[PDB]
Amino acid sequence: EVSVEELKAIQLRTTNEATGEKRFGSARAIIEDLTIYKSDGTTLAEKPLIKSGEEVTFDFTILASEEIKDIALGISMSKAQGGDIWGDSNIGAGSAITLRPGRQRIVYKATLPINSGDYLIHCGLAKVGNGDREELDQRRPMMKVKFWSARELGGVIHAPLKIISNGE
């Protein structure tokens, strides 16, 4: 179908250097690409800004050389200078996934209450069980993303106060 040999070559070849992506894994299957859509339906290439609190779609193209049961396809985000502020996967969602040979598309959505700033997106593909975890394709960092908001808040959590009573 597609040789792991090819997937290994794909993996080594397609590595984003604008973020200094370090990429590892057995490459039995790989994250061929990730495309991110905003609520208005536009991409990051089309508009690289995400509004704080916007619903985002993560469109994964997964390319597998063979079938692989019980995988974990995860994604996370860190501040341009720091550790992860957000991370999740199908495992956290309680949703099992099995990869089939050839291309396949897995789609996640999330509403991201993240304050304005520059962040990094990471994603990872691994096999959960049968012995210990097996990393298939870990992409770190995969891409940059900037959040913007109508008004500025403290920290990273976008949770604006509602004023119920101002003693007025």
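Each residue number is its position in the shown sequence, starting from 1.
In this crystal structure, the stretch out of 52 to 60 and 28 to 36 whose C-alpha atoms carry the higher mean B factor is 28 to 36. If you average the C-alpha B-factors over 90 to 98 and over 72 to 80, the higher value belongs to 90 to 98. Among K144, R151, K22, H158, the highest C-alpha B-factor in the deposited entry belongs to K22.
Per-chain ranking of the deposited C-alpha B factor places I106 in the middle third.
Among the modelled residues of the chain, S65 sits in the highest third by CA temperature factor in this PDB entry. Per-chain ranking of the deposited C-alpha B factor places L44 in the highest third. Among all modelled residues in its chain, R140 ranks in the middle third by Cα B-factor. In the deposited entry, the Cα temperature factor of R133 sits in the top third of values across the chain's modelled residues.
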